[PDB]
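As structure tokens, the structure follows; a few thoughts come after it.
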2 protein chains.
Amino acid sequence: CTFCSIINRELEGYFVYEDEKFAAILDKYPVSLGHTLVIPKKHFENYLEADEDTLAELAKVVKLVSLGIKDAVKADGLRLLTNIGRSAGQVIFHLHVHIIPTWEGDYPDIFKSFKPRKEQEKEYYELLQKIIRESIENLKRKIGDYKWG
Amino acid sequence: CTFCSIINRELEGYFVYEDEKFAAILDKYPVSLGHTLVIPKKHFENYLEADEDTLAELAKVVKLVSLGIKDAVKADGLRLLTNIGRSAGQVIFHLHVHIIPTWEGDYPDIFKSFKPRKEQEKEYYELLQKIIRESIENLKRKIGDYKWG
Ligand SMILES: [Zn+2]
Ligand SMILES: [Zn+2]
């Protein structure tokens with residue numbers, strides 16, 4: 001499994017979020033700048049096979065990571081989706097939610113050339129990971145369980 | 001708001017699921033047969049504006065309704081998605097999750113002519129509502145809080 005492999009560090013992946021049961025990883029072949037996948041660490045074939053507690057916490061992680069990404073890449077919108085079955089477009093059979101950023105215009109200048117739907121240069125993953133992590137950390141400081149400003 | 005209106009019975013909508021805080025309604029201009037929208041009754045502009053408890057329960061309702069729809073229309077797959085912002089395709093600003101059925105071939109014979117992305121004839125809504133409700137009721141009987149077979 002591609003995701004179980006990334007979780008176990010057997011396959012390369014850039015984490016932007018991680019806790020004991022969940023993680024968010026940059027998509028290797030991003031549809032748009034900042035495209036990220038949020039996944040439960042435990043392996044479930046799809047959304048319908050996951051227990052309610054996992055789905056409930058997954059929804060909360062998706063919110064946090066989405067807020068973080070929107071802030072980091074200054075997105076005007078976000079598309080959230082998960083596919084169940086090959087006829088619905090599922091190709092990785094480990095439950096994951098896509099967070100695909102959108103803009104009414106063009107993405108920030110701070111970001112350089114981007115090749116939609118293809119593998120990017122190493123620099124892309126390193127920068128996106130760092131800025132997204134920075135945005136998420138701030139969200140934990142102003143709206144986290146131990147927020148203070 | 002189109003969804004608040006449907007919830008308050010001020011605007012026509014076919015419910016396939018409903019409880020004190022959530023509801024699932026057939027999409028009026030379905031992308032595919034059985035296309036349904038799951039919504040929290042309370043009004044939230046999008047996914048990011050909803051509190052964690054609402055998102056957690058929403059995820060659970062989405063699972064139940066999805067299982068029900070897949071069974072009812074004998075789908076091979078399902079696409080689940082929610083849009084945040086007009087640039088991501090959002091047009092109804094009341095948080096809702098799309099459940100769009102897919103098939104590797106064609107949908108069941110029991111179903112007649114279907115016009116993708118357009119308003120269907122009254123018969124479509126009446127039949128889909130009835131079969132989906134029937135499937136959901138069964139799910140509550142075999143895997144519900146008071147299941148027994
Ligand atoms: Zn896996
Ligand atoms: Zn509303």
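Residues are referred to by chain and number: the chain letter is A, B, ... according to the order shown in the structure tokens, the number counts from 1 in that chain, and ligands are numbered separately from 1 in the order shown.
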Kindly determine which residues of chain B lie within 8 Å of chain A, considering only C-alpha atoms, and give the answer as a VMD selection string.
-> chain B and resid 47 to 48 52 55 to 57 59 to 60 63 66 to 67 76 to 89 101 to 104
Chain B superposed on chain A over all ordered C-alpha pairs, least squares: can you write that as a compact mmCIF listing (two decimals) with N, CA and C atoms, in the first residue's frame?
# COMPACT_ATOMS: atom_id res chain seq x y z
N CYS B 1 0.85 -1.23 0.00
CA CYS B 1 0.00 0.00 0.00
C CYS B 1 0.87 1.25 0.00
N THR B 2 0.62 2.14 -0.95
CA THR B 2 1.41 3.36 -1.05
C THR B 2 1.36 4.21 0.22
N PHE B 3 0.17 4.38 0.81
CA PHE B 3 0.09 5.19 2.02
C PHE B 3 0.64 4.52 3.27
N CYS B 4 0.39 3.22 3.43
CA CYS B 4 0.94 2.52 4.58
C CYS B 4 2.47 2.60 4.48
N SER B 5 2.98 2.51 3.25
CA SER B 5 4.42 2.58 3.02
C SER B 5 4.98 3.94 3.41
N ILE B 6 4.28 5.01 3.06
CA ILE B 6 4.74 6.34 3.40
C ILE B 6 4.68 6.53 4.92
N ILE B 7 3.64 6.00 5.54
CA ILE B 7 3.49 6.11 6.99
C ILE B 7 4.66 5.42 7.69
N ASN B 8 5.05 4.26 7.16
CA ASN B 8 6.15 3.48 7.74
C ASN B 8 7.53 3.91 7.24
N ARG B 9 7.57 5.00 6.48
CA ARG B 9 8.83 5.52 5.95
C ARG B 9 9.56 4.53 5.05
N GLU B 10 8.80 3.75 4.30
CA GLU B 10 9.36 2.76 3.38
C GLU B 10 9.32 3.36 1.99
N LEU B 11 8.57 4.45 1.86
CA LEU B 11 8.40 5.15 0.60
C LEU B 11 8.39 6.64 0.90
N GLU B 12 9.06 7.41 0.05
CA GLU B 12 9.14 8.86 0.23
C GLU B 12 7.79 9.57 0.17
N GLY B 13 7.62 10.52 1.08
CA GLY B 13 6.40 11.31 1.15
C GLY B 13 6.67 12.52 2.03
N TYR B 14 6.11 13.67 1.68
CA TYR B 14 6.30 14.88 2.48
C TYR B 14 5.12 15.15 3.40
N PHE B 15 5.32 14.92 4.70
CA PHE B 15 4.27 15.14 5.69
C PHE B 15 4.08 16.62 6.01
N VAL B 16 2.83 17.06 6.10
CA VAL B 16 2.54 18.45 6.48
C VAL B 16 1.77 18.42 7.79
N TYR B 17 1.32 17.23 8.18
CA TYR B 17 0.60 17.03 9.43
C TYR B 17 0.70 15.58 9.86
N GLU B 18 0.82 15.36 11.16
CA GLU B 18 0.89 14.00 11.67
C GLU B 18 0.64 13.94 13.16
N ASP B 19 -0.14 12.95 13.57
CA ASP B 19 -0.40 12.69 14.98
C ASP B 19 -0.38 11.18 15.13
N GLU B 20 -0.81 10.67 16.27
CA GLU B 20 -0.78 9.23 16.49
C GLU B 20 -1.62 8.38 15.55
N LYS B 21 -2.72 8.93 15.04
CA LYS B 21 -3.59 8.15 14.17
C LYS B 21 -3.85 8.69 12.77
N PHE B 22 -3.41 9.91 12.49
CA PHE B 22 -3.63 10.51 11.18
C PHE B 22 -2.41 11.22 10.63
N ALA B 23 -2.46 11.53 9.34
CA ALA B 23 -1.38 12.25 8.68
C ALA B 23 -1.90 12.92 7.42
N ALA B 24 -1.19 13.94 6.98
CA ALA B 24 -1.53 14.66 5.76
C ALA B 24 -0.22 14.69 5.00
N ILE B 25 -0.26 14.29 3.73
CA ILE B 25 0.94 14.22 2.91
C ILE B 25 0.73 14.94 1.58
N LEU B 26 1.75 15.62 1.09
CA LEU B 26 1.63 16.31 -0.19
C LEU B 26 1.45 15.26 -1.29
N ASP B 27 0.56 15.53 -2.23
CA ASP B 27 0.33 14.62 -3.34
C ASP B 27 1.58 14.67 -4.22
N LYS B 28 2.08 13.51 -4.62
CA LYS B 28 3.28 13.46 -5.46
C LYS B 28 3.05 14.00 -6.87
N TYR B 29 1.84 13.85 -7.39
CA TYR B 29 1.50 14.33 -8.73
C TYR B 29 0.30 15.27 -8.56
N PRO B 30 0.51 16.40 -7.88
CA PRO B 30 -0.53 17.41 -7.61
C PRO B 30 -1.34 17.97 -8.76
N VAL B 31 -2.65 18.05 -8.56
CA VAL B 31 -3.56 18.62 -9.54
C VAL B 31 -3.37 20.13 -9.52
N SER B 32 -3.11 20.66 -8.33
CA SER B 32 -2.88 22.09 -8.17
C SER B 32 -1.86 22.28 -7.06
N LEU B 33 -1.29 23.48 -6.98
CA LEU B 33 -0.29 23.79 -5.98
C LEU B 33 -0.81 23.59 -4.55
N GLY B 34 -0.13 22.73 -3.79
CA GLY B 34 -0.55 22.49 -2.42
C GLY B 34 -1.48 21.29 -2.24
N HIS B 35 -1.79 20.60 -3.34
CA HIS B 35 -2.66 19.43 -3.30
C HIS B 35 -2.13 18.48 -2.23
N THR B 36 -2.98 18.15 -1.26
CA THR B 36 -2.61 17.30 -0.14
C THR B 36 -3.62 16.19 0.10
N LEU B 37 -3.14 15.09 0.68
CA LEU B 37 -3.99 13.95 1.00
C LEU B 37 -4.01 13.75 2.51
N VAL B 38 -5.20 13.65 3.09
CA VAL B 38 -5.32 13.44 4.52
C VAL B 38 -5.72 11.99 4.69
N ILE B 39 -4.99 11.27 5.53
CA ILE B 39 -5.27 9.86 5.71
C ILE B 39 -5.23 9.34 7.13
N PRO B 40 -6.02 8.30 7.41
CA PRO B 40 -6.01 7.71 8.75
C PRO B 40 -4.78 6.81 8.60
N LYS B 41 -4.01 6.60 9.66
CA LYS B 41 -2.84 5.74 9.53
C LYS B 41 -3.26 4.29 9.37
N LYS B 42 -4.35 3.91 10.03
CA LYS B 42 -4.86 2.55 9.91
C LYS B 42 -5.41 2.37 8.50
N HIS B 43 -5.16 1.20 7.92
CA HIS B 43 -5.59 0.90 6.56
C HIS B 43 -7.06 0.50 6.41
N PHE B 44 -7.80 1.28 5.62
CA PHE B 44 -9.20 1.02 5.30
C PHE B 44 -9.27 1.16 3.78
N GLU B 45 -9.93 0.22 3.12
CA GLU B 45 -10.03 0.25 1.66
C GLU B 45 -10.60 1.55 1.10
N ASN B 46 -11.61 2.07 1.79
CA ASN B 46 -12.27 3.30 1.37
C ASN B 46 -13.06 3.89 2.53
N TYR B 47 -13.77 4.99 2.25
CA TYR B 47 -14.57 5.69 3.26
C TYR B 47 -15.62 4.82 3.94
N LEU B 48 -16.26 3.95 3.17
CA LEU B 48 -17.32 3.09 3.70
C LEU B 48 -16.84 1.98 4.63
N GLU B 49 -15.56 1.65 4.57
CA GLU B 49 -15.01 0.58 5.41
C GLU B 49 -14.46 1.07 6.74
N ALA B 50 -14.37 2.39 6.91
CA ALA B 50 -13.85 2.96 8.15
C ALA B 50 -14.91 3.04 9.23
N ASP B 51 -14.50 2.86 10.48
CA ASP B 51 -15.43 2.94 11.61
C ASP B 51 -15.79 4.41 11.83
N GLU B 52 -16.88 4.65 12.55
CA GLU B 52 -17.34 6.02 12.80
C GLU B 52 -16.37 6.91 13.56
N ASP B 53 -15.65 6.36 14.54
CA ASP B 53 -14.70 7.17 15.29
C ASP B 53 -13.56 7.66 14.39
N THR B 54 -13.12 6.81 13.48
CA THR B 54 -12.06 7.20 12.56
C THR B 54 -12.56 8.30 11.62
N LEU B 55 -13.77 8.12 11.10
CA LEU B 55 -14.35 9.10 10.18
C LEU B 55 -14.58 10.44 10.87
N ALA B 56 -14.99 10.40 12.14
CA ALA B 56 -15.24 11.62 12.89
C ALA B 56 -13.96 12.42 13.09
N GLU B 57 -12.89 11.73 13.49
CA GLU B 57 -11.62 12.40 13.72
C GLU B 57 -11.01 12.83 12.39
N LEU B 58 -11.22 12.03 11.35
CA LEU B 58 -10.70 12.35 10.03
C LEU B 58 -11.28 13.69 9.57
N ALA B 59 -12.58 13.89 9.81
CA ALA B 59 -13.23 15.13 9.41
C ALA B 59 -12.60 16.33 10.10
N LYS B 60 -12.24 16.16 11.37
CA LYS B 60 -11.63 17.24 12.14
C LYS B 60 -10.22 17.55 11.65
N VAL B 61 -9.47 16.52 11.28
CA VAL B 61 -8.12 16.71 10.77
C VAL B 61 -8.21 17.41 9.41
N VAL B 62 -9.17 16.99 8.59
CA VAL B 62 -9.35 17.60 7.28
C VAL B 62 -9.62 19.10 7.44
N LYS B 63 -10.43 19.48 8.42
CA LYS B 63 -10.69 20.91 8.62
C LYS B 63 -9.40 21.67 8.95
N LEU B 64 -8.66 21.17 9.94
CA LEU B 64 -7.42 21.82 10.34
C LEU B 64 -6.42 21.96 9.19
N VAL B 65 -6.16 20.85 8.51
CA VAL B 65 -5.21 20.87 7.41
C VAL B 65 -5.69 21.77 6.28
N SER B 66 -6.99 21.76 6.00
CA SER B 66 -7.55 22.60 4.94
C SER B 66 -7.33 24.08 5.30
N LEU B 67 -7.61 24.45 6.54
CA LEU B 67 -7.41 25.83 6.96
C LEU B 67 -5.94 26.19 6.79
N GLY B 68 -5.06 25.27 7.17
CA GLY B 68 -3.63 25.50 7.06
C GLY B 68 -3.19 25.71 5.62
N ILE B 69 -3.64 24.84 4.72
CA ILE B 69 -3.27 24.96 3.32
C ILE B 69 -3.81 26.24 2.70
N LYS B 70 -5.08 26.56 2.96
CA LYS B 70 -5.68 27.75 2.39
C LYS B 70 -4.87 28.99 2.76
N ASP B 71 -4.44 29.04 4.02
CA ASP B 71 -3.65 30.17 4.50
C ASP B 71 -2.27 30.19 3.85
N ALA B 72 -1.61 29.04 3.84
CA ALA B 72 -0.26 28.91 3.29
C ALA B 72 -0.12 29.28 1.81
N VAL B 73 -1.03 28.81 0.97
CA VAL B 73 -0.94 29.11 -0.46
C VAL B 73 -1.90 30.22 -0.86
N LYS B 74 -2.51 30.86 0.13
CA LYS B 74 -3.46 31.95 -0.11
C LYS B 74 -4.51 31.56 -1.15
N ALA B 75 -5.15 30.42 -0.93
CA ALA B 75 -6.18 29.94 -1.85
C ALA B 75 -7.50 30.66 -1.62
N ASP B 76 -8.28 30.80 -2.69
CA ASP B 76 -9.58 31.44 -2.60
C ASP B 76 -10.62 30.36 -2.32
N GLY B 77 -10.27 29.13 -2.65
CA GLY B 77 -11.18 28.02 -2.42
C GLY B 77 -10.46 26.70 -2.29
N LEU B 78 -11.21 25.66 -1.97
CA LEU B 78 -10.65 24.32 -1.83
C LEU B 78 -11.70 23.30 -2.24
N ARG B 79 -11.24 22.23 -2.89
CA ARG B 79 -12.11 21.13 -3.29
C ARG B 79 -11.72 19.96 -2.40
N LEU B 80 -12.68 19.41 -1.65
CA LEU B 80 -12.41 18.26 -0.79
C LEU B 80 -13.13 17.06 -1.38
N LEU B 81 -12.45 15.94 -1.51
CA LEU B 81 -13.11 14.77 -2.07
C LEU B 81 -12.45 13.45 -1.72
N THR B 82 -13.25 12.39 -1.78
CA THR B 82 -12.73 11.06 -1.54
C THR B 82 -13.50 10.16 -2.48
N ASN B 83 -12.79 9.21 -3.07
CA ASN B 83 -13.39 8.31 -4.03
C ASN B 83 -13.52 6.89 -3.51
N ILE B 84 -14.64 6.26 -3.83
CA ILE B 84 -14.91 4.89 -3.40
C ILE B 84 -15.12 4.03 -4.63
N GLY B 85 -14.15 3.18 -4.94
CA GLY B 85 -14.27 2.31 -6.10
C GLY B 85 -13.56 2.85 -7.33
N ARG B 86 -13.06 1.94 -8.17
CA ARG B 86 -12.36 2.36 -9.37
C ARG B 86 -13.24 3.17 -10.33
N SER B 87 -14.54 2.86 -10.39
CA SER B 87 -15.43 3.59 -11.29
C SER B 87 -15.67 5.02 -10.82
N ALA B 88 -15.26 5.33 -9.59
CA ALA B 88 -15.41 6.67 -9.06
C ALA B 88 -14.05 7.37 -9.10
N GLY B 89 -13.06 6.71 -9.68
CA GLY B 89 -11.74 7.29 -9.79
C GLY B 89 -10.74 6.91 -8.72
N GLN B 90 -11.08 5.96 -7.85
CA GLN B 90 -10.14 5.56 -6.81
C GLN B 90 -9.05 4.66 -7.40
N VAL B 91 -7.80 4.96 -7.07
CA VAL B 91 -6.66 4.17 -7.56
C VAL B 91 -5.76 3.73 -6.41
N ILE B 92 -5.82 4.43 -5.28
CA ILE B 92 -5.04 4.04 -4.11
C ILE B 92 -6.09 3.58 -3.10
N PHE B 93 -6.08 2.29 -2.80
CA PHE B 93 -7.08 1.73 -1.91
C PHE B 93 -6.76 1.76 -0.42
N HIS B 94 -6.53 2.98 0.05
CA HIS B 94 -6.25 3.30 1.44
C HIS B 94 -6.99 4.63 1.56
N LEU B 95 -8.04 4.65 2.37
CA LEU B 95 -8.85 5.85 2.55
C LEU B 95 -8.06 7.14 2.66
N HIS B 96 -8.34 8.08 1.76
CA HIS B 96 -7.68 9.37 1.79
C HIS B 96 -8.60 10.43 1.24
N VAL B 97 -8.49 11.62 1.81
CA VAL B 97 -9.30 12.76 1.39
C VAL B 97 -8.38 13.74 0.67
N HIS B 98 -8.79 14.15 -0.53
CA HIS B 98 -8.01 15.10 -1.31
C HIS B 98 -8.38 16.52 -0.90
N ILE B 99 -7.38 17.39 -0.77
CA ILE B 99 -7.60 18.80 -0.50
C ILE B 99 -6.89 19.45 -1.68
N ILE B 100 -7.67 19.98 -2.61
CA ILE B 100 -7.15 20.59 -3.83
C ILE B 100 -7.44 22.09 -3.85
N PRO B 101 -6.41 22.92 -3.66
CA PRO B 101 -6.58 24.38 -3.65
C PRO B 101 -6.98 24.99 -4.99
N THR B 102 -7.75 26.06 -4.93
CA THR B 102 -8.19 26.76 -6.13
C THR B 102 -8.01 28.26 -5.91
N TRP B 103 -7.95 29.01 -7.01
CA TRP B 103 -7.80 30.46 -6.96
C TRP B 103 -8.69 31.08 -8.02
N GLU B 104 -9.17 32.28 -7.76
CA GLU B 104 -10.01 32.96 -8.74
C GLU B 104 -9.11 33.50 -9.84
N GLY B 105 -7.84 33.70 -9.50
CA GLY B 105 -6.87 34.19 -10.46
C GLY B 105 -5.72 33.20 -10.61
N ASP B 106 -4.55 33.60 -10.13
CA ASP B 106 -3.36 32.74 -10.18
C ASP B 106 -2.79 32.61 -8.78
N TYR B 107 -2.04 31.54 -8.53
CA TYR B 107 -1.45 31.33 -7.21
C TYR B 107 -0.31 32.33 -6.96
N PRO B 108 -0.04 32.63 -5.68
CA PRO B 108 1.01 33.57 -5.24
C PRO B 108 2.31 33.56 -6.03
N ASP B 109 2.96 34.72 -6.08
CA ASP B 109 4.22 34.88 -6.79
C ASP B 109 5.35 34.12 -6.10
N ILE B 110 5.29 34.08 -4.77
CA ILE B 110 6.30 33.39 -3.98
C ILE B 110 6.58 32.00 -4.55
N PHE B 111 5.57 31.44 -5.21
CA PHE B 111 5.68 30.12 -5.81
C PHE B 111 6.14 30.23 -7.26
N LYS B 112 7.04 29.34 -7.67
CA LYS B 112 7.56 29.35 -9.02
C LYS B 112 6.78 28.41 -9.94
N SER B 113 7.38 28.08 -11.08
CA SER B 113 6.76 27.20 -12.05
C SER B 113 6.12 25.97 -11.42
N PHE B 114 4.93 25.63 -11.90
CA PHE B 114 4.18 24.48 -11.41
C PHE B 114 3.66 23.72 -12.62
N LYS B 115 3.85 22.41 -12.62
CA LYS B 115 3.39 21.58 -13.73
C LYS B 115 2.22 20.70 -13.27
N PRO B 116 0.98 21.16 -13.51
CA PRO B 116 -0.24 20.45 -13.13
C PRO B 116 -0.27 18.96 -13.48
N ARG B 117 -0.71 18.15 -12.52
CA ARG B 117 -0.84 16.70 -12.68
C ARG B 117 0.45 15.91 -12.90
N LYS B 118 1.60 16.56 -12.73
CA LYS B 118 2.88 15.88 -12.91
C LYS B 118 3.72 15.95 -11.65
N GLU B 119 4.82 15.20 -11.63
CA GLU B 119 5.73 15.21 -10.48
C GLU B 119 6.47 16.54 -10.56
N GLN B 120 6.65 17.21 -9.42
CA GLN B 120 7.33 18.49 -9.40
C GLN B 120 8.80 18.32 -9.03
N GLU B 121 9.55 19.41 -9.09
CA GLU B 121 10.96 19.37 -8.72
C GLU B 121 11.01 19.31 -7.20
N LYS B 122 12.10 18.77 -6.66
CA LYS B 122 12.26 18.64 -5.21
C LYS B 122 11.92 19.92 -4.45
N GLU B 123 12.34 21.06 -5.00
CA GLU B 123 12.11 22.36 -4.37
C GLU B 123 10.64 22.62 -4.03
N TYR B 124 9.73 22.16 -4.89
CA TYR B 124 8.30 22.34 -4.68
C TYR B 124 7.84 21.70 -3.38
N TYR B 125 8.19 20.43 -3.19
CA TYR B 125 7.80 19.68 -2.00
C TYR B 125 8.39 20.26 -0.72
N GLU B 126 9.65 20.67 -0.78
CA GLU B 126 10.30 21.22 0.40
C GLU B 126 9.65 22.53 0.83
N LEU B 127 9.41 23.42 -0.12
CA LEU B 127 8.80 24.71 0.19
C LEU B 127 7.36 24.58 0.67
N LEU B 128 6.54 23.83 -0.07
CA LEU B 128 5.14 23.66 0.30
C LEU B 128 5.00 23.04 1.68
N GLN B 129 5.82 22.04 1.97
CA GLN B 129 5.78 21.38 3.26
C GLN B 129 6.06 22.38 4.38
N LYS B 130 7.13 23.16 4.21
CA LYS B 130 7.52 24.14 5.21
C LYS B 130 6.48 25.24 5.44
N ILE B 131 5.93 25.82 4.38
CA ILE B 131 4.94 26.88 4.56
C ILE B 131 3.62 26.35 5.12
N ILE B 132 3.21 25.16 4.70
CA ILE B 132 1.97 24.59 5.21
C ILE B 132 2.12 24.25 6.69
N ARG B 133 3.26 23.68 7.06
CA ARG B 133 3.49 23.34 8.46
C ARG B 133 3.43 24.61 9.30
N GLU B 134 4.07 25.66 8.81
CA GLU B 134 4.09 26.95 9.51
C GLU B 134 2.67 27.49 9.72
N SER B 135 1.81 27.34 8.72
CA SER B 135 0.43 27.82 8.84
C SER B 135 -0.37 26.99 9.83
N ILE B 136 -0.16 25.68 9.82
CA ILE B 136 -0.87 24.80 10.73
C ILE B 136 -0.44 25.07 12.17
N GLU B 137 0.85 25.28 12.39
CA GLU B 137 1.34 25.55 13.74
C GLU B 137 0.65 26.78 14.30
N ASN B 138 0.50 27.81 13.48
CA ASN B 138 -0.16 29.03 13.91
C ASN B 138 -1.62 28.77 14.26
N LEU B 139 -2.28 27.92 13.48
CA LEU B 139 -3.68 27.61 13.77
C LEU B 139 -3.81 26.91 15.12
N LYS B 140 -2.81 26.12 15.49
CA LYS B 140 -2.86 25.43 16.77
C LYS B 140 -2.62 26.41 17.91
N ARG B 141 -1.95 27.52 17.61
CA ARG B 141 -1.65 28.52 18.63
C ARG B 141 -2.79 29.50 18.86
N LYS B 142 -3.60 29.75 17.84
CA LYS B 142 -4.70 30.69 17.98
C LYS B 142 -6.08 30.05 18.14
N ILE B 143 -6.21 28.78 17.76
CA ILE B 143 -7.49 28.09 17.89
C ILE B 143 -7.33 26.65 18.37
N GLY B 144 -6.13 26.31 18.83
CA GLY B 144 -5.89 24.96 19.32
C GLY B 144 -6.42 24.74 20.72
N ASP B 145 -6.25 23.53 21.24
CA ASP B 145 -6.72 23.19 22.58
C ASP B 145 -6.01 24.02 23.64
N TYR B 146 -4.83 24.52 23.30
CA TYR B 146 -4.04 25.32 24.23
C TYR B 146 -3.66 26.66 23.59
N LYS B 147 -4.60 27.23 22.85
CA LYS B 147 -4.40 28.51 22.18
C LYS B 147 -4.14 29.62 23.19
N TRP B 148 -3.45 30.67 22.74
CA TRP B 148 -3.14 31.81 23.59
C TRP B 148 -2.85 33.05 22.76
N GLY B 149 -2.82 32.88 21.44
CA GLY B 149 -2.55 33.99 20.55
C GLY B 149 -1.30 33.79 19.72
Mind checking DSSP for chain A and telling me the strand (DSSP E or B) residues as a list in words?
-> residues 15, 16, 17, 18, 22, 23, 24, 25, 26, 36, 37, 38, 39, 40, 77, 78, 79, 80, 81, 82, 83, 84, 97, 98, 99, 100, 101 and 102 of chain A
With C-alpha atoms retained, could you export that selection as a PDB file, in the first residue's frame?
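And here's part-v4.pdb as it stands now:
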ATOM      1  CA  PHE A  15       4.266  15.145   5.690  1.00  0.00           C
ATOM      2  CA  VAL A  16       2.544  18.445   6.476  1.00  0.00           C
ATOM      3  CA  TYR A  17       0.599  17.026   9.429  1.00  0.00           C
ATOM      4  CA  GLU A  18       0.887  14.002  11.670  1.00  0.00           C
ATOM      5  CA  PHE A  22      -3.631  10.506  11.176  1.00  0.00           C
ATOM      6  CA  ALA A  23      -1.376  12.245   8.683  1.00  0.00           C
ATOM      7  CA  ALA A  24      -1.532  14.656   5.758  1.00  0.00           C
ATOM      8  CA  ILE A  25       0.942  14.221   2.907  1.00  0.00           C
ATOM      9  CA  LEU A  26       1.626  16.306  -0.193  1.00  0.00           C
ATOM     10  CA  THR A  36      -2.607  17.297  -0.145  1.00  0.00           C
ATOM     11  CA  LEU A  37      -3.995  13.951   0.995  1.00  0.00           C
ATOM     12  CA  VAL A  38      -5.323  13.440   4.524  1.00  0.00           C
ATOM     13  CA  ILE A  39      -5.274   9.857   5.709  1.00  0.00           C
ATOM     14  CA  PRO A  40      -6.010   7.705   8.750  1.00  0.00           C
ATOM     15  CA  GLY A  77     -11.184  28.025  -2.420  1.00  0.00           C
ATOM     16  CA  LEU A  78     -10.654  24.317  -1.826  1.00  0.00           C
ATOM     17  CA  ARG A  79     -12.113  21.133  -3.295  1.00  0.00           C
ATOM     18  CA  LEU A  80     -12.409  18.263  -0.790  1.00  0.00           C
ATOM     19  CA  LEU A  81     -13.113  14.771  -2.065  1.00  0.00           C
ATOM     20  CA  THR A  82     -12.731  11.065  -1.535  1.00  0.00           C
ATOM     21  CA  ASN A  83     -13.388   8.306  -4.033  1.00  0.00           C
ATOM     22  CA  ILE A  84     -14.907   4.894  -3.397  1.00  0.00           C
ATOM     23  CA  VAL A  97      -9.295  12.760   1.388  1.00  0.00           C
ATOM     24  CA  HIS A  98      -8.012  15.102  -1.307  1.00  0.00           C
ATOM     25  CA  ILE A  99      -7.603  18.802  -0.499  1.00  0.00           C
ATOM     26  CA  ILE A 100      -7.147  20.590  -3.828  1.00  0.00           C
ATOM     27  CA  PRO A 101      -6.578  24.380  -3.654  1.00  0.00           C
ATOM     28  CA  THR A 102      -8.186  26.763  -6.128  1.00  0.00           C
TER      29      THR A 102
END
Once DSSP has gone over the backbone, tell me which residues of chain B are in helix (DSSP H, G or I), as a PyMOL selection string.
-> chain B and resi 2-7+47-49+52-72+86-88+122-143
Could those residues be written to a file, using C-alpha atoms, as an mmCIF file, in the first residue's frame?
data_model
loop_
_atom_site.group_PDB
_atom_site.id
_atom_site.type_symbol
_atom_site.label_atom_id
_atom_site.label_comp_id
_atom_site.auth_asym_id
_atom_site.auth_seq_id
_atom_site.Cartn_x
_atom_site.Cartn_y
_atom_site.Cartn_z
ATOM 1 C CA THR B 2 -31.897 26.849 -0.875
ATOM 2 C CA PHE B 3 -31.126 24.200 1.752
ATOM 3 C CA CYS B 4 -32.514 26.070 4.754
ATOM 4 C CA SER B 5 -35.633 26.547 2.613
ATOM 5 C CA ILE B 6 -35.918 22.841 1.865
ATOM 6 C CA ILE B 7 -35.370 22.024 5.546
ATOM 7 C CA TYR B 47 -16.951 22.987 5.512
ATOM 8 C CA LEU B 48 -14.401 25.286 7.167
ATOM 9 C CA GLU B 49 -17.053 27.276 9.047
ATOM 10 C CA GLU B 52 -15.995 19.936 14.933
ATOM 11 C CA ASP B 53 -19.023 18.203 16.458
ATOM 12 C CA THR B 54 -21.110 19.010 13.383
ATOM 13 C CA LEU B 55 -18.362 17.784 11.046
ATOM 14 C CA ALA B 56 -17.923 14.587 13.058
ATOM 15 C CA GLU B 57 -21.615 13.706 12.950
ATOM 16 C CA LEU B 58 -21.826 14.805 9.311
ATOM 17 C CA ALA B 59 -19.154 12.246 8.430
ATOM 18 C CA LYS B 60 -21.184 9.501 10.114
ATOM 19 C CA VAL B 61 -24.385 10.482 8.316
ATOM 20 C CA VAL B 62 -22.504 10.572 5.009
ATOM 21 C CA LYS B 63 -21.347 6.986 5.596
ATOM 22 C CA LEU B 64 -24.861 5.715 6.355
ATOM 23 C CA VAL B 65 -26.505 7.508 3.445
ATOM 24 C CA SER B 66 -23.706 6.469 1.075
ATOM 25 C CA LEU B 67 -24.128 2.810 2.046
ATOM 26 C CA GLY B 68 -27.864 3.205 1.528
ATOM 27 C CA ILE B 69 -27.540 4.776 -1.910
ATOM 28 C CA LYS B 70 -24.924 2.288 -3.116
ATOM 29 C CA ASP B 71 -27.245 -0.564 -2.178
ATOM 30 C CA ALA B 72 -30.383 1.069 -3.606
ATOM 31 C CA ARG B 86 -16.853 29.761 -5.871
ATOM 32 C CA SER B 87 -13.450 29.039 -7.444
ATOM 33 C CA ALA B 88 -13.799 25.455 -6.204
ATOM 34 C CA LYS B 122 -41.372 13.633 -11.079
ATOM 35 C CA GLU B 123 -41.275 9.829 -11.299
ATOM 36 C CA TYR B 124 -37.481 9.826 -10.872
ATOM 37 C CA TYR B 125 -37.557 11.619 -7.516
ATOM 38 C CA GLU B 126 -40.421 9.546 -6.147
ATOM 39 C CA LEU B 127 -38.817 6.212 -7.036
ATOM 40 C CA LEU B 128 -35.276 7.085 -5.962
ATOM 41 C CA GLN B 129 -36.513 8.469 -2.651
ATOM 42 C CA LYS B 130 -38.511 5.323 -1.915
ATOM 43 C CA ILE B 131 -35.786 2.809 -2.808
ATOM 44 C CA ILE B 132 -33.045 4.738 -1.008
ATOM 45 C CA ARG B 133 -35.182 5.078 2.124
ATOM 46 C CA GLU B 134 -35.867 1.337 1.994
ATOM 47 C CA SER B 135 -32.127 0.585 1.800
ATOM 48 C CA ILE B 136 -31.282 2.920 4.666
ATOM 49 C CA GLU B 137 -33.999 1.425 6.882
ATOM 50 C CA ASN B 138 -32.460 -2.007 6.352
ATOM 51 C CA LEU B 139 -29.018 -0.693 7.268
ATOM 52 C CA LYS B 140 -30.442 0.582 10.551
ATOM 53 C CA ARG B 141 -31.893 -2.869 11.215
ATOM 54 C CA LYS B 142 -28.714 -4.858 10.570
ATOM 55 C CA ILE B 143 -26.028 -2.408 11.726
#
